[PDB]
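Note: the block below is start_36.cif and it holds mmCIF, N, CA and C atoms.
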```
data_input
#
loop_
_atom_site.label_atom_id
_atom_site.label_comp_id
_atom_site.auth_asym_id
_atom_site.auth_seq_id
_atom_site.Cartn_x
_atom_site.Cartn_y
_atom_site.Cartn_z
N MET I 1 -117.86 -62.94 180.59
CA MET I 1 -116.55 -62.73 181.18
C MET I 1 -115.98 -61.37 180.78
N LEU I 2 -115.68 -61.22 179.50
CA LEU I 2 -115.13 -59.97 178.99
C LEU I 2 -116.19 -59.18 178.22
N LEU I 3 -116.35 -57.91 178.58
CA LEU I 3 -117.33 -57.04 177.93
C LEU I 3 -116.76 -55.64 177.71
N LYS I 4 -117.20 -54.99 176.64
CA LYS I 4 -116.73 -53.65 176.32
C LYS I 4 -117.88 -52.64 176.40
N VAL I 5 -117.79 -51.74 177.38
CA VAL I 5 -118.82 -50.72 177.57
C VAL I 5 -118.33 -49.36 177.10
N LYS I 6 -119.10 -48.73 176.21
CA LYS I 6 -118.75 -47.42 175.68
C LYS I 6 -119.89 -46.42 175.90
N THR I 7 -119.59 -45.34 176.62
CA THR I 7 -120.59 -44.32 176.90
C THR I 7 -120.64 -43.28 175.78
N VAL I 8 -121.64 -42.40 175.84
CA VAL I 8 -121.80 -41.36 174.83
C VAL I 8 -120.69 -40.32 174.94
N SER I 9 -119.91 -40.40 176.02
CA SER I 9 -118.82 -39.46 176.24
C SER I 9 -117.54 -39.94 175.55
N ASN I 10 -117.68 -40.93 174.68
CA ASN I 10 -116.54 -41.49 173.96
C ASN I 10 -115.60 -42.21 174.91
N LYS I 11 -116.15 -42.77 175.98
CA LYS I 11 -115.36 -43.50 176.96
C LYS I 11 -115.61 -45.00 176.86
N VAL I 12 -114.66 -45.72 176.27
CA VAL I 12 -114.78 -47.16 176.11
C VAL I 12 -113.86 -47.90 177.09
N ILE I 13 -114.43 -48.82 177.85
CA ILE I 13 -113.66 -49.59 178.82
C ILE I 13 -113.87 -51.09 178.62
N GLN I 14 -112.79 -51.79 178.27
CA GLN I 14 -112.86 -53.23 178.05
C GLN I 14 -112.21 -53.98 179.20
N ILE I 15 -113.02 -54.76 179.92
CA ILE I 15 -112.52 -55.54 181.05
C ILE I 15 -112.77 -57.03 180.84
N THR I 16 -111.93 -57.85 181.45
CA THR I 16 -112.06 -59.30 181.34
C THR I 16 -112.33 -59.94 182.70
N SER I 17 -113.42 -59.53 183.33
CA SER I 17 -113.79 -60.06 184.64
C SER I 17 -115.19 -59.60 185.04
N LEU I 18 -116.20 -60.31 184.56
CA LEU I 18 -117.59 -59.97 184.87
C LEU I 18 -118.18 -60.97 185.85
N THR I 19 -119.16 -60.52 186.63
CA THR I 19 -119.82 -61.37 187.61
C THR I 19 -120.87 -62.26 186.95
N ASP I 20 -121.50 -63.11 187.75
CA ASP I 20 -122.53 -64.01 187.25
C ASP I 20 -123.84 -63.82 188.01
N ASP I 21 -123.82 -62.94 189.00
CA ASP I 21 -125.01 -62.66 189.81
C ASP I 21 -125.80 -61.50 189.23
N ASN I 22 -125.10 -60.41 188.92
CA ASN I 22 -125.74 -59.22 188.36
C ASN I 22 -125.18 -58.90 186.98
N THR I 23 -123.86 -58.85 186.88
CA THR I 23 -123.20 -58.55 185.62
C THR I 23 -123.56 -57.15 185.12
N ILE I 24 -124.69 -57.05 184.44
CA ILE I 24 -125.15 -55.77 183.91
C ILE I 24 -125.39 -54.77 185.04
N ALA I 25 -126.28 -55.11 185.96
CA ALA I 25 -126.60 -54.25 187.08
C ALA I 25 -125.33 -53.87 187.85
N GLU I 26 -124.42 -54.82 187.99
CA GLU I 26 -123.17 -54.59 188.70
C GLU I 26 -122.27 -53.63 187.92
N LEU I 27 -122.25 -53.79 186.60
CA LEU I 27 -121.43 -52.95 185.74
C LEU I 27 -121.93 -51.50 185.76
N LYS I 28 -123.23 -51.33 185.54
CA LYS I 28 -123.84 -50.01 185.54
C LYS I 28 -123.77 -49.37 186.92
N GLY I 29 -124.01 -50.17 187.95
CA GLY I 29 -123.97 -49.66 189.31
C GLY I 29 -122.57 -49.28 189.74
N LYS I 30 -121.58 -50.01 189.24
CA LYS I 30 -120.18 -49.74 189.58
C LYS I 30 -119.67 -48.51 188.84
N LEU I 31 -120.19 -48.28 187.64
CA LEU I 31 -119.79 -47.13 186.84
C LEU I 31 -120.29 -45.83 187.46
N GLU I 32 -121.54 -45.85 187.91
CA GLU I 32 -122.14 -44.67 188.53
C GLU I 32 -121.47 -44.36 189.87
N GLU I 33 -121.20 -45.40 190.64
CA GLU I 33 -120.56 -45.23 191.95
C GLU I 33 -119.12 -44.76 191.79
N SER I 34 -118.46 -45.22 190.73
CA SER I 34 -117.08 -44.84 190.47
C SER I 34 -116.96 -43.34 190.21
N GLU I 35 -117.89 -42.82 189.41
CA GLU I 35 -117.89 -41.40 189.08
C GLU I 35 -118.49 -40.57 190.21
N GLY I 36 -119.01 -41.26 191.22
CA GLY I 36 -119.61 -40.58 192.36
C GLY I 36 -121.10 -40.37 192.19
N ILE I 37 -121.51 -39.93 191.00
CA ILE I 37 -122.92 -39.69 190.71
C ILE I 37 -123.28 -40.16 189.31
N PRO I 38 -124.56 -40.48 189.11
CA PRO I 38 -125.07 -40.95 187.81
C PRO I 38 -125.08 -39.84 186.76
N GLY I 39 -124.70 -40.20 185.53
CA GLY I 39 -124.68 -39.22 184.46
C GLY I 39 -126.03 -38.57 184.23
N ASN I 40 -127.07 -39.39 184.19
CA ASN I 40 -128.43 -38.89 183.98
C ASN I 40 -129.42 -40.04 183.84
N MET I 41 -129.36 -40.73 182.70
CA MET I 41 -130.25 -41.85 182.45
C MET I 41 -129.53 -43.18 182.66
N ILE I 42 -128.25 -43.22 182.29
CA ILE I 42 -127.45 -44.43 182.45
C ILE I 42 -128.16 -45.63 181.84
N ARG I 43 -128.56 -45.51 180.58
CA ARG I 43 -129.24 -46.59 179.88
C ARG I 43 -128.41 -47.09 178.70
N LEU I 44 -128.03 -48.36 178.75
CA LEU I 44 -127.23 -48.96 177.69
C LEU I 44 -128.08 -49.89 176.83
N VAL I 45 -127.65 -50.10 175.59
CA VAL I 45 -128.37 -50.97 174.66
C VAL I 45 -127.52 -52.18 174.28
N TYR I 46 -128.02 -53.37 174.61
CA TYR I 46 -127.31 -54.60 174.30
C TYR I 46 -127.87 -55.26 173.04
N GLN I 47 -127.05 -55.34 172.00
CA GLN I 47 -127.47 -55.94 170.74
C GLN I 47 -128.72 -55.26 170.20
N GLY I 48 -128.83 -53.95 170.43
CA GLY I 48 -129.98 -53.21 169.97
C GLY I 48 -131.21 -53.44 170.83
N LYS I 49 -131.01 -54.11 171.96
CA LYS I 49 -132.11 -54.39 172.88
C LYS I 49 -131.88 -53.72 174.23
N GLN I 50 -132.94 -53.60 175.02
CA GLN I 50 -132.85 -52.98 176.33
C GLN I 50 -133.19 -53.98 177.43
N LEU I 51 -133.04 -53.56 178.68
CA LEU I 51 -133.32 -54.42 179.82
C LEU I 51 -132.50 -55.70 179.76
N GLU I 52 -131.34 -55.69 180.40
CA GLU I 52 -130.46 -56.86 180.41
C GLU I 52 -130.19 -57.32 181.84
N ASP I 53 -130.71 -56.57 182.81
CA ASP I 53 -130.52 -56.90 184.22
C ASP I 53 -130.98 -58.32 184.51
N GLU I 54 -132.06 -58.74 183.85
CA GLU I 54 -132.60 -60.08 184.05
C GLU I 54 -131.64 -61.13 183.50
N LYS I 55 -130.74 -60.71 182.62
CA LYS I 55 -129.77 -61.62 182.02
C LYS I 55 -128.41 -61.48 182.70
N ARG I 56 -128.43 -61.26 184.01
CA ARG I 56 -127.20 -61.11 184.78
C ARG I 56 -126.23 -62.25 184.48
N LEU I 57 -126.59 -63.45 184.91
CA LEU I 57 -125.76 -64.63 184.69
C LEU I 57 -125.74 -65.01 183.21
N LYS I 58 -126.87 -64.82 182.54
CA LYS I 58 -126.98 -65.15 181.12
C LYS I 58 -125.96 -64.36 180.30
N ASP I 59 -125.57 -63.20 180.81
CA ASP I 59 -124.60 -62.35 180.13
C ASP I 59 -123.17 -62.81 180.42
N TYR I 60 -123.02 -63.56 181.50
CA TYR I 60 -121.70 -64.06 181.90
C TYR I 60 -121.26 -65.21 181.00
N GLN I 61 -122.23 -65.86 180.36
CA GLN I 61 -121.95 -66.97 179.46
C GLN I 61 -121.55 -66.48 178.08
N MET I 62 -121.71 -65.18 177.85
CA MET I 62 -121.37 -64.58 176.57
C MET I 62 -119.87 -64.30 176.48
N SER I 63 -119.37 -63.50 177.42
CA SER I 63 -117.96 -63.15 177.45
C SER I 63 -117.51 -62.59 176.11
N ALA I 64 -118.41 -61.87 175.44
CA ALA I 64 -118.10 -61.28 174.15
C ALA I 64 -119.29 -60.48 173.62
N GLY I 65 -119.90 -59.68 174.49
CA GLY I 65 -121.04 -58.88 174.09
C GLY I 65 -120.78 -57.39 174.22
N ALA I 66 -120.70 -56.71 173.09
CA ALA I 66 -120.45 -55.27 173.08
C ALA I 66 -121.57 -54.51 173.79
N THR I 67 -121.19 -53.56 174.64
CA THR I 67 -122.16 -52.77 175.38
C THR I 67 -121.97 -51.28 175.11
N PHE I 68 -123.08 -50.56 174.99
CA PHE I 68 -123.03 -49.12 174.74
C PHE I 68 -123.93 -48.37 175.71
N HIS I 69 -123.32 -47.57 176.58
CA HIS I 69 -124.06 -46.79 177.56
C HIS I 69 -124.46 -45.43 177.00
N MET I 70 -125.64 -44.95 177.38
CA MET I 70 -126.13 -43.66 176.92
C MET I 70 -126.55 -42.78 178.09
N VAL I 71 -126.11 -41.53 178.07
CA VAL I 71 -126.44 -40.58 179.13
C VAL I 71 -127.09 -39.33 178.56
N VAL I 72 -128.37 -39.15 178.85
CA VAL I 72 -129.11 -37.99 178.37
C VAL I 72 -129.07 -36.86 179.38
N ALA I 73 -128.27 -35.84 179.10
CA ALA I 73 -128.14 -34.69 179.98
C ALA I 73 -128.47 -33.39 179.25
N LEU I 74 -129.67 -32.89 179.47
CA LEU I 74 -130.11 -31.65 178.83
C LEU I 74 -130.34 -30.56 179.87
N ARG I 75 -130.69 -30.96 181.08
CA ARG I 75 -130.94 -30.02 182.16
C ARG I 75 -129.63 -29.54 182.79
N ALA I 76 -128.82 -30.49 183.24
CA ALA I 76 -127.53 -30.17 183.85
C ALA I 76 -126.62 -31.39 183.87
N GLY I 77 -125.32 -31.14 184.01
CA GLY I 77 -124.35 -32.23 184.03
C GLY I 77 -123.48 -32.26 182.79
N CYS I 78 -122.76 -31.17 182.55
CA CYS I 78 -121.89 -31.08 181.38
C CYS I 78 -120.53 -31.71 181.67
#
```

Kindly present the structure from the file in structure tokens form.
Amino acid sequence: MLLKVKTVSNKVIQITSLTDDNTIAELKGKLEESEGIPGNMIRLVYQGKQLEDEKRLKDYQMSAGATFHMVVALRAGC
């Protein structure tokens, strides 16, 4: 339900309304679309683990899982 996503840009956003179909994919996809374009890698780590798309609905039952997004930009995108 409620999740806190913080990017490497020191941007933390805490919302209390997550989906049960995608959740993760929806969150990451909505963040990239909101900014217009993807930062670079757009890879977040959940509980020190990766790949959470498969836990779309499984993440909706948490409603208390800290999320940290990472964007690797060395070529361009300051």

The PyMOL selection byres ((chain I and resi 20) around 6) applied to the shown file, residues as a PyMOL selection string: chain I and resi 18-19+21-23+56-57+60

From I:14, I:42, I:48, I:30, residue lying nearest residue 72 in chain I [all atoms listed in the file]: I:42

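Atom C of residue 66 in chain I sits 5.2 Å away from atom N of residue 4 in chain I.
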
Shell of 8 Å around residue 39 in chain I, all atoms listed in the file, local chain residues under 5 positions omitted, as a ChimeraX atom specification: /I:31-32,70-73,76-77

Backbone-only DSSP, strand (DSSP E or B) members of chain I, as number ranges by chain: I: 2-6, 12-16, 43-46, 49, 65-70

Residue set, range 20-72 of chain I restricted to alpha helix (DSSP H), as a list in words: residues 24, 25, 26, 27, 28, 29, 30, 31, 32, 33, 34, 56, 57, 58, 59 and 60 of chain I

Atomic separation - CA of residue 61 in chain I relative to CA of residue 2 in chain I, Å: 9.8 Å

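Across the structure, CA of residue 50 in chain I and CA of residue 3 in chain I are spaced 16.1 Å apart.
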
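For residue 6 in chain I, the list of residues within 7 Å, based on all atoms listed in the file and with local chain neighbours fewer than 4 positions off taken out, reads residues 10, 11, 12, 13, 66, 67, 68, 69 and 70 of chain I.
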
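When all atoms listed in the file are used to measure the gap to residue 15 in chain I, the shortest distance among I:74, I:1, I:27, I:45 belongs to I:1.
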
Residues around (-128.9, -56.2, 185.0), cut-off 6 Å, counting only N, CA and C atoms - what are they as a tab-separated table (two decimals) with N, CA and C atoms, in the coordinates of the input?
```
chain	number	residue	atom	x	y	z
I	22	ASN	N	-125.10	-60.41	188.92
I	22	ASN	CA	-125.74	-59.22	188.36
I	22	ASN	C	-125.18	-58.90	186.98
I	23	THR	N	-123.86	-58.85	186.88
I	23	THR	CA	-123.20	-58.55	185.62
I	23	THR	C	-123.56	-57.15	185.12
I	24	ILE	N	-124.69	-57.05	184.44
I	24	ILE	CA	-125.15	-55.77	183.91
I	24	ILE	C	-125.39	-54.77	185.04
I	25	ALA	N	-126.28	-55.11	185.96
I	25	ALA	CA	-126.60	-54.25	187.08
I	25	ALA	C	-125.33	-53.87	187.85
I	26	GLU	N	-124.42	-54.82	187.99
I	26	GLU	CA	-123.17	-54.59	188.70
I	26	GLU	C	-122.27	-53.63	187.92
I	52	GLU	N	-131.34	-55.69	180.40
I	52	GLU	CA	-130.46	-56.86	180.41
I	52	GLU	C	-130.19	-57.32	181.84
I	53	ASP	N	-130.71	-56.57	182.81
I	53	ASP	CA	-130.52	-56.90	184.22
I	53	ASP	C	-130.98	-58.32	184.51
I	54	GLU	N	-132.06	-58.74	183.85
I	54	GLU	CA	-132.60	-60.08	184.05
I	54	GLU	C	-131.64	-61.13	183.50
I	55	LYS	N	-130.74	-60.71	182.62
I	55	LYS	CA	-129.77	-61.62	182.02
I	55	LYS	C	-128.41	-61.48	182.70
I	56	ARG	N	-128.43	-61.26	184.01
I	56	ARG	CA	-127.20	-61.11	184.78
I	56	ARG	C	-126.23	-62.25	184.48
```

Return as JSON the box centre and box size in Å, one decimal, for an axis-aligned box around all listed atoms of range 13-25 of chain I padded by 6 Å per side.
```
{"center_x": -119.3, "center_y": -56.4, "center_z": 183.8, "size_x": 26.7, "size_y": 27.2, "size_z": 24.0}
```

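Take the candidates I:64, I:5, I:17, I:78 and check each one against residue 40 in chain I using only C-alpha atoms; the shortest distance goes to I:78.
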